[PDB]
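**Q**
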Amino acid sequence: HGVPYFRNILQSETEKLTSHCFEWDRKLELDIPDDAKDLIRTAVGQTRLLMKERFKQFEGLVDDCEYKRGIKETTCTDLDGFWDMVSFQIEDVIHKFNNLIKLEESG
Amino acid sequence: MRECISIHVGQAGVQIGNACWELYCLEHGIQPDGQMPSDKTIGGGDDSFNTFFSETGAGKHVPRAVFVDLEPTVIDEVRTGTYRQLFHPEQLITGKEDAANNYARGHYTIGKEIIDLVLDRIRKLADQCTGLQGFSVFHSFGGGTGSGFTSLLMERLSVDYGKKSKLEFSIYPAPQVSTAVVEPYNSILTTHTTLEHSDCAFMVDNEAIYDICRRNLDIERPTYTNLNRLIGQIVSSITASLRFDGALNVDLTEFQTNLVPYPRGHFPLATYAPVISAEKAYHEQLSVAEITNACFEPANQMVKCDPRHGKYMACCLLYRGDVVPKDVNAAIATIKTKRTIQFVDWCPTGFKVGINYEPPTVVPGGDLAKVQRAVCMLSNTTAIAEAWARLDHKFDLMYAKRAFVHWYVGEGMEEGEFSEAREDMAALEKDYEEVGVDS
Amino acid sequence: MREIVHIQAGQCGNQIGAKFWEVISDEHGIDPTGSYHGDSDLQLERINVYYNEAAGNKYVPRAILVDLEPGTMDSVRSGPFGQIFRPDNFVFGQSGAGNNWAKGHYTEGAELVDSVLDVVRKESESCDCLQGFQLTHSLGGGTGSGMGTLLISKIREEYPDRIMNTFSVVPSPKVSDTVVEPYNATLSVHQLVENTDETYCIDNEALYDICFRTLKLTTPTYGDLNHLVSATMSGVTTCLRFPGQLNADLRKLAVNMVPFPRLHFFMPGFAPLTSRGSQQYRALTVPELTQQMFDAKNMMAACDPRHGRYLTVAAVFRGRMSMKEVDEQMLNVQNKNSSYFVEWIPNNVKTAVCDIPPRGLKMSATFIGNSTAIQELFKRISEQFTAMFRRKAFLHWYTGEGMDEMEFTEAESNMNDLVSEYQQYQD
Numbered sequence: 229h230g231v232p233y234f235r236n237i238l239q240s241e242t243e244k245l246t247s248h249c250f251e252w253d254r255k256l257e258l259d260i261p262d263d264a265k266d267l268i269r270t271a272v273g274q275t276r277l278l279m280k281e282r283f284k285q286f287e288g289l290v291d292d293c294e295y296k297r298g299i300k301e302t303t304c305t306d307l308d309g310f311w312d313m314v315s316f317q318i319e320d321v322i323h324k325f326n327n328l329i330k331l332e333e334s335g
Numbered sequence: 001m002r003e004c005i006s007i008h009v010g011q012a013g014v015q016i017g018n019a020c021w022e023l024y025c026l027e028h029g030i031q032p033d034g035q036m037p038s039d040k041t042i043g044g045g046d047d048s049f050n051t052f053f054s055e056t057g058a059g060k061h062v063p064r065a066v067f068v069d070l071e072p073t074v075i076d077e078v079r080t081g082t083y084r085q086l087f088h089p090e091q092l093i094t095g096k097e098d099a100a101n102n103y104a105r106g107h108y109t110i111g112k113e114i115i116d117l118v119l120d121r122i123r124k125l126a127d128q129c130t131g132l133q134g135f136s137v138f139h140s141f142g143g144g145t146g147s148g149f150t151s152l153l154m155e156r157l158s159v160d161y162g163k164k165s166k167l168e169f170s171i172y173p174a175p176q177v178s179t180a181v182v183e184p185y186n187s188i189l190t191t192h193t194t195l196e197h198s199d200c201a202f203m204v205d206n207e208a209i210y211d212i213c214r215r216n217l218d219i220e221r222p223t224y225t226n227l228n229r230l231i232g233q234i235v236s237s238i239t240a241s242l243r244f245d246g247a248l249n250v251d252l253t254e255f256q257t258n259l260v261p262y263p264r265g266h267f268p269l270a271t272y273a274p275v276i277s278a279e280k281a282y283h284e285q286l287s288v289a290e291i292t293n294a295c296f297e298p299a300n301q302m303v304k305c306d307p308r309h310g311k312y313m314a315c316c317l318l319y320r321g322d323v324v325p326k327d328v329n330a331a332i333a334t335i336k337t338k339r340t341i342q343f344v345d346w347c348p349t350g351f352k353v354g355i356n357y358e359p360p361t362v363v364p365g366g367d368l369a370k371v372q373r374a375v376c377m378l379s380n381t382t383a384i385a386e387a388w389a390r391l392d393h394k395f396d397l398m399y400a401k402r403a404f405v406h407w408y409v410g411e412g413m414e415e416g417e418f419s420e421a422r423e424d425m426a427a428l429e430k431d432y433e434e435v436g437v438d439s
Numbered sequence: 001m002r003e004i005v006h007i008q009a010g011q012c013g014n015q016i017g018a019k020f021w022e023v024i025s026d027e028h029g030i031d032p033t034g035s036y037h038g039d040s041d042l043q044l045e046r047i048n049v050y051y052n053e054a055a056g057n058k059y060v061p062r063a064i065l066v067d068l069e070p071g072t073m074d075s076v077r078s079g080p081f082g083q084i085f086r087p088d089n090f091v092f093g094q095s096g097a098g099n100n101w102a103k104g105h106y107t108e109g110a111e112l113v114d115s116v117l118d119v120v121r122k123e124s125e126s127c128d129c130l131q132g133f134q135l136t137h138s139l140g141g142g143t144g145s146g147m148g149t150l151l152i153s154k155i156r157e158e159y160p161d162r163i164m165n166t167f168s169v170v171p172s173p174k175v176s177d178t179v180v181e182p183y184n185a186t187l188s189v190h191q192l193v194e195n196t197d198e199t200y201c202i203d204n205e206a207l208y209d210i211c212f213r214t215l216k217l218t219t220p221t222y223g224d225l226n227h228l229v230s231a232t233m234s235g236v237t238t239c240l241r242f243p244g245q246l247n248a249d250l251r252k253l254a255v256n257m258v259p260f261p262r263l264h265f266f267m268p269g270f271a272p273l274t275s276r277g278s279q280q281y282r283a284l285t286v287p288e289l290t291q292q293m294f295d296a297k298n299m300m301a302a303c304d305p306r307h308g309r310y311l312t313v314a315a316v317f318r319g320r321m322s323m324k325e326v327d328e329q330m331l332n333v334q335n336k337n338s339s340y341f342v343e344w345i346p347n348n349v350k351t352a353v354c355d356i357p358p359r360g361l362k363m364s365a366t367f368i369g370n371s372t373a374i375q376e377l378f379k380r381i382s383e384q385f386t387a388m389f390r391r392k393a394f395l396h397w398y399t400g401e402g403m404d405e406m407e408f409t410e411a412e413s414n415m416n417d418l419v420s421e422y423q424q425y426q427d
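Those sequence lines, one after another, are chains C, A and B.
Be aware that the first sequence starts at 229, since it is given in the deposited numbering, and climbs by one per residue.
Be aware that the second sequence starts at 1, since it is given in the deposited numbering, and climbs by one per residue.
Be aware that the third sequence starts at 1, since it is given in the deposited numbering, and climbs by one per residue.
(1) Suppose the cutoff is 8 Å on Cβ atoms and the five residues either side in sequence are ignored; what does the same chain contact list for A:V9 look like?
(2) With 8 Å set as the bound, which would you pick, yes or no: does the beta-carbon of B:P287 sit closer than that to a beta-carbon of chain C?
(3) Would B:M388 pass as an interface residue toward chain C - the criterion being a Cβ-Cβ separation below 8 Å?
(4) Using a beta-carbon distance cut-off of less than 7 Å, what residues from the region 377-397 of chain A approach chain B?
(5) Helix, strand or coil: how does DSSP classify B:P305 here?
(6) Please report the residue range of the beta strand (DSSP E) in which B:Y222 lies.
(7) Tell me the start and end of each unbroken beta strand (DSSP E) in the region 10-88 of chain A that is at least 3 residues and wholly inside, in chain order.
(8) Within the same chain, show all residues whose beta-carbon is closer than 7 Å to that of A:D98, passing over the 5 residues directly before and after it, in chain order.
(9) Considering only residues of the same chain and omitting the five flanking positions on each side of B:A352, which have a CB-CB separation below 8 Å?
(10) Taking C-beta pairs closer than 7 Å, name the residues in chain B that C:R269 reaches, listed in chain order.
(11) Counting beta carbon pairs with one atom in the region 356-376 of chain B and one in the region 420-437 of chain A, are three or more of them shorter than 8 Å?
(12) Using a beta-carbon distance below 8 Å, is A:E279 in contact with chain B?
(13) Going along chain C, which residues have a C-beta under 7 Å from B:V170?
(14) Can you pull the DSSP bridge partners for A:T381?
(15) Taking the beta carbon of A:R105 as the centre, do at least 16 other beta carbons fall within 10 Å, making it buried, or is it exposed?
(16) What separation, rounded to the nearest whole angstrom, lies between the Cα atoms of B:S275 and B:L377?
(17) Taking the beta carbon of C:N326 as the centre, do at least 16 other beta carbons fall within 10 Å, making it buried, or is it exposed?
(18) Determine which residues share a DSSP beta bridge with B:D203 and list them.
(19) Is there contact between the region 137-149 of chain B and the region 163-177 of chain B, where contact requires at least three CB pairs shorter than 8 Å?
(20) Quick check: what's the CA-CA separation for A:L317 versus A:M377?
(21) Restricting to Cα atoms, I'd like to know which of A:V159, A:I238, A:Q233 and A:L227 is closest to A:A201.
(22) Alpha carbons only, please: which of A:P173, A:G95 and A:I5 is nearest the one belonging to A:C129?
(23) Name, please, each residue of chain C whose Cβ falls closer than 7 Å to the Cβ of B:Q131.
(24) How should A:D218 be labelled, buried or exposed, when 16 other C-beta atoms within 10 angstroms of its C-beta is the threshold for buried?
(25) Can you find a C-beta in chain B that's less than 8 Å from the C-beta of A:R156?
(26) Taking the straight line between their C-alpha atoms, what separation do you get for C:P261 and B:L273?
(27) Shorter than 8 Å from the beta carbon of B:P173 to some beta carbon of chain C?
(28) At a cut of 8 Å, does the region 239-259 of chain A reach the region 331-346 of chain A through at least three beta carbon pairs?
(29) Can you tell me where the beta strand (DSSP E) holding A:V288 begins and where it ends?
(30) Can the beta-carbon of A:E414 be found closer than 8 Å to that of A:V405?
(31) Under DSSP, the alpha helix (DSSP H) around B:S75 begins and ends at which residues?
(32) How many Å lie between A:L125 and A:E429 at the Cα?
(33) According to DSSP, simplified to helix, strand and coil, what is B:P287?
(34) List the endpoints of the continuous beta strand (DSSP E) containing B:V23.
(35) Return the residues of the region 315-330 of chain B that lie within a Cβ-Cβ distance of less than 9 Å from chain A, sorted by chain order.
(36) Give the C-beta separation of B:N89 and B:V119 to the nearest angstrom, bearing in mind that I take them to be a contact with Cβ-Cβ under 8 Å.
Below you can see the structure in the form of structure tokens.
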């Protein structure tokens, strides 16, 4: 793999998660039941937490691999493993989005 | 005069001992100071109270009780209680930490650190007694100390004074107020390790006591205080045959003579009636027939079992208050004719009646109403095996998957003794159903 | 009389411990100077379990501030209740593990843990009968984890008979940095499989979840997390620090909860948890507290209890309640959710009652439960750690500190064994 691949997939993931965020907050305006409101709120907040905390630090690690600046050196395979551990959480959050969609289509 | 010192071990044992000693002092007119007032000399000069109490050189009466526990707080309450000056500091022995509801801890690890001191105190008390019949032991099955140290003391007494009648009192666990999850484990452990060494055990069913003092006593949530109060009441009801001159169960050997014809059948059923709440204390006193029918009813029985499903082995009746013997025979005949009472063929033992004319007293301010005529019926039946059926399945449900056993194993005792105890209890229930069937 | 030595390690652990000490001191009516300005002696009944008095009513907590960075104690002691601690308990290194498990456990761990154990022995010899130790630490930091692991190992070596429970603060990939933390967490849990007799799992995923969506806070800050976990341990240690019918000390608790030597991880639970912009001015009733407590929205572990079965559970209630309806609601819960309770340990549900509620809420109820659902956090730790293993991600940062890959292999073996054991006990 290569580093532009990392940047491209990174921006793609941020874009899709933020699109989910906007549609969630736009749909929250209706008087959906409080349980659904809480679930949607938790989902968008967890997505934003991954945004600010996970993704910013992870792009810091991309900078680490690119400019070779920081504590110690890092290779591309470490970046791949990092994308795997982000990836299980992204699959999780899209699954939560799926269940929110299922609840919305039920009411 | 035939002395009988008592050993109280465990948290629940010490609490019920406090209760029964308070009620003994109340009935015998002994103030917390311990002195013997001239007007309070109840008994007409009889030394039947001197059986349990020892007079000092100043006229103060000192009970022959050995309060033993591994935790200081429960006996610190005794030290701070109103009867602090009644008990000598040597009588009460404290440990540095409880067994933590673990039989192996109360038997193998920390029991041996104080068993010698307890035995020394017991020997000191026994050397002053010339007619020592035996020992009465109060303990709780669920308690790690109350089972482990009780078994250790039982074995030590049997190997030392095996010719003495070692009567015992036990506290059956109850899920609502269960102290621990591992109560079946240590319950069967102490039952196996004390079956041969004990003489006759009076199990107290916490489920049954809780039910009766919830229903009849008009208390929705009985705390320990009321429970140990009622347990002390029934204990004194049993021991009244010893504390006064009487016709039945005068000596401790008579208990095993009447209720334990053969070993391993030494778990007789106890029943106390009538019990009335203080809020309804002004109710009509029940006659002898009414109280007999009540104690025969399972409602007032204090162990959860159904005697009708079982087979009676031997029954004895103890009476407190002004009770007419002819009315006693009338009630017995009525119960025999209506209620189907079944007896084994090989043992023709009948019903024994011992009437004591001293009315029963109550604790001051307690929930139990004063009653002029009360009856305590002690009988042995195979129906008590329902309690063992409650215990054995509760034990097997965890033993099959071998739960909670790492504590017991790591506390220095081999695992195979669990299987030995279970096999012994299986043999016990086999004997129970054999007596129940072969009749 | 059963005094517990409380040890806090790491920066987050020391902050957490200081806040917890402050809240329980407030609950016991203790001023920052140590003097007692409360109203009742019920809090004084078992006050000596955690505090010591020296001729001036100054109840000094039995707490030890240990951290390889000296600045942590400098920050803690500057707080309102940071100076109430005994000065001799402040042991700090001059090098720092630098969030490394090997340095914090092997070389730099020992040069401080020798003094820490000396302090612990000094406290214990003055203590008539000590039952256990309390540990609070964050698994993310390599300092506190290594320190705590060394403490537990050598304490068990010195005192195999002295039980020990710990408050493990499990970090999160979404909360803290992720470079070598999975390795340290794996080593820590591998140590805790056998070293600790008891362990409370505090998971940062569910922590941030509760602090954000239930507390209605846009950007959770570590202070609110500190407050919530401190309230959690206040509820959990209510049994120890106050008298009760259950009379549950440390070993009583472990016996009534842990069913197997390796299954010594509990998930805490707290109720009520209300956002500080809609907090009720009334008190929740028993059914409401029951349906809030047992829901997955009240557990500091990011685990789904419906996924597993409750092995042994206990519920501690604080405040003025009629316990008749308490027992009723508990038995209706047992009947209704029987599929979520293992039937082969009878009477595995427990209820404790306390009369002193936490400040700010007249009614409260806390829960501790041993469930097989906690295997999923082991699974996620495995997902991180095996993926970092297959590529040897920064393994040379641990090889050069005297730590080899054999230990990580034994750790993954023990983790897989625990996951398999939990799954097999699910049935």
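Using N, Cα and C, we set each Cβ at its ideal position, and we do this for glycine too.
**A** Reading from the atomic positions:
(1) Closer than 8 Å at the Cβ level, and outside the excluded window around A:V9, lie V68, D69, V137, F138, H139, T145, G146, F149, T150 and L153.
(2) Not an interface residue.
(3) Yes - at least one Cβ of chain C is within 8 Å of the one on B:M388.
(4) Legend: CB atoms of the region 377-397 of chain A lying less than 7 Å from CB atoms of chain B belong to residues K394 and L397.
(5) In the structure shown, B:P305 sits in a helix (DSSP, three-state: H, G or I).
(6) For B:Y222, there is no enclosing beta strand (DSSP E); the residue is part of the alpha helix (DSSP H) that begins and ends at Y222 to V236.
(7) If we require 3 residues or more, the beta strand (DSSP E) runs fully inside the region 10-88 of chain A come out as 53-55, 61-63 and 65-69.
(8) If we look at A:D98 and ignore the five residues flanking it on each side, its Cβ neighbours are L70, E71, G144 and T145.
(9) Excluding residues up to 5 positions away in sequence, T238, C239, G244, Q245, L246, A248, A314, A315, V316 and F317 lie with their Cβ nearer than 8 Å to the Cβ of B:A352 in the same chain.
(10) Per Cβ cutoff of 7 Å: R213.
(11) No, because fewer than three Cβ pairs between the region 420-437 of chain A and the region 356-376 of chain B fall closer than 8 Å, the two stretches do not touch.
(12) Answer no: the Cβ-Cβ gap between A:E279 and chain B never drops below 8 Å.
(13) Below the 7 Å Cβ cutoff, chain C contributes no neighbours of B:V170, its closest Cβ being approximately 15 Å away.
(14) Note: A:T381 sits in a beta bridge opposite A:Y312.
(15) Burial call: buried.
(16) Whole-angstrom Cα-Cα distance: 27 Å.
(17) Only exposed fits C:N326, as fewer than 16 other CB atoms lie within 10 angstroms of its CB.
(18) DSSP, once it has assigned bridges, lists B:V170 as partnering B:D203.
(19) The region 137-149 of chain B makes contact with the region 163-177 of chain B; the number of CB pairs closer than 8 Å reaches 3 or more.
(20) Cα to Cα, A:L317 sits roughly 5 Å from A:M377.
(21) For A:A201, the nearest C-alpha among the options comes from A:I238.
(22) Per the C-alpha coordinates, the member of A:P173, A:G95 and A:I5 positioned closest to A:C129 is A:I5.
(23) Correct list: empty, because the minimum Cβ distance to chain C is about 40 Å.
(24) It is exposed - the Cβ of A:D218 has fewer than 16 other Cβ atoms within 10 Å.
(25) Contacts with chain B at 8 Å (Cβ-Cβ) do not include A:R156.
(26) Their backbone Cα atoms lie some 20 Å apart in a straight line.
(27) Yes, contact with chain C.
(28) At 8 Å Cβ cutoff, the stretches do not touch.
(29) It is not in any beta strand (DSSP E) - A:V288 instead sits in the alpha helix (DSSP H) that spans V288 to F296.
(30) Cβ atoms of A:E414 and A:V405: not closer than 8 Å.
(31) For B:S75, the enclosing alpha helix (DSSP H) starts and ends at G71 to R77.
(32) One alpha carbon belongs to A:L125, the other to A:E429, and they sit about 38 Å apart.
(33) The three-state secondary structure of B:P287, taken from DSSP, is helix.
(34) Not the beta strand (DSSP E): B:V23 falls in the alpha helix (DSSP H), residues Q11 to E27.
(35) Flagged, chain order: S322, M323, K324 and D327.
(36) Contact flag correct, Cβ pair sits at about 6 Å.
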